[PDB]
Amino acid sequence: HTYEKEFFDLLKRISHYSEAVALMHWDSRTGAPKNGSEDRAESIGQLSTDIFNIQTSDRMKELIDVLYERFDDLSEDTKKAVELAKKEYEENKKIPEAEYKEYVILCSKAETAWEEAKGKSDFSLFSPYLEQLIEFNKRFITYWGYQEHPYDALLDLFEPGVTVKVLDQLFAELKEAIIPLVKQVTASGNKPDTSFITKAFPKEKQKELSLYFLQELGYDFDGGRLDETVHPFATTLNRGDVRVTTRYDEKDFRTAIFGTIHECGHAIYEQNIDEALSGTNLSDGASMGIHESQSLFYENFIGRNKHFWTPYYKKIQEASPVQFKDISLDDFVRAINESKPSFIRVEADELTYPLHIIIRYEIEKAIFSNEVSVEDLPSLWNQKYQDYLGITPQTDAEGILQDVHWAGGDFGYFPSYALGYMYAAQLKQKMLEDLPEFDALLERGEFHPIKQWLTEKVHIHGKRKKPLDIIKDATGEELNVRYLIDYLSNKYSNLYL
């Protein structure tokens, strides 16, 4: 089919602009000289609008139309690809190209601005951009339109189907189960010694471990690389180039470990999406939610599984000797999985983690129903952390400025971490049927069985299935919170109670 090839040719063209775009973003987070900032933001905006144009072009629209009528004579991937392109057409089409362009430029600038604001713990430096980033999104919500809550317009950008109504009901149950559970954890003298955790752990050695764990867990270094960054992230330049980045803290080796493993999650996913889909519309994660189910599956359902540490603790002890000298493997894991309310989401424990997502969800729900101004955000932010965690951020760096998501314009994203955590919980239990020897594998430092399970259930499909079908097909039951609640509940009732 000629029209088909002209269609995929265009996507593959977009594919290349994407690599250039992702590299520029990655380069900006790994050393790009500040003097080049302005032109760098300009170029990212140009190549982004290029992609935008190829997707909003009359020709693209004609190719879609034609291919829809001949829908039956086409293969599965082609059908899904055109339906996907059709939505992206109708969707972008609602936005003035001149606006998308300056927005993209603003994001590139806002993020560099943000990186500085956070490093200095300066809200006022970021504030100006935050106001615009939002002002743009409010406007975009108008252009796309919505059915219930205007915030759904943004939620739909990451989890098609997830609405404010659906989330309220679900975050309700999480509160109902986590908060009281976290109170019990707080009301006990079972607090495990964690003194050895906050000691000095030489950076150079943490770097060795992160690289090591990556190799161990299955991250392909021939198709990736590890580098340092203020805020860890994983990006896909092209199917053969999926990079991850982490952050080291000599007073908490944990941050790098779980951050690296977290990112390793996304990477593994990306490094296993069917190669046939490469260069196309469907070579991407099913949704942030399903993507986060992979990062969280690795970080939490492996990295935070005590058997995962049996074989590796020997190394950790040798990397920073004086610190873990005479610390029991048993004490070590108990120290790692210490649950207690803290300020940083990225570094929070498994039990208190969901609350962070909830806090962000609600603040955003407010920002887009015009209930809060940029000026009162820090105050609103701090209040929520008190309501759900009983602690109040004292600095901007550990407060509102903590995450990069807003700086990049990613509003409506955060809830996907919650969902992702739920998906991970559900995938984990169902995986036990096929791999009962799970904990045994971790102790043997054997991860291909687990990885393979995920590749066939999630990875490989890429965007050939939607989240709903991904989970129903893998566990044979739609997304159900009970699993996460049971996992968490059962796990933190034994460590403390």
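We number the residues from 1 along the sequence you see.
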Can you tell me which stretch has the higher mean Cα B-factor, 10-18 or 471-479?
471-479
Can you tell me which stretch has the higher mean Cα B-factor, 322-330 or 290-298?
322-330
Using only the C-alpha B-factors in the record, can you name which of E398, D274, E90, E116 has the highest?
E90
Selection by C-alpha B-factor (highest) of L377, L355, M422, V162
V162
Entry-reported Cα temperature factor of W453, expressed as the chain third it lands in
lowest
C-alpha B factor of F438, ranked within the chain: lowest, middle or highest third?
middle
Among the modelled residues of its chain, the C-alpha B-factor of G265 falls in the third labelled lowest
Taking the chain's C-alpha temperature factors as the reference, tell me which third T198 falls into: lowest, middle or highest.
highest
Chain-wide C-alpha B factor ranking for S28, given as lowest, middle or highest third:
lowest
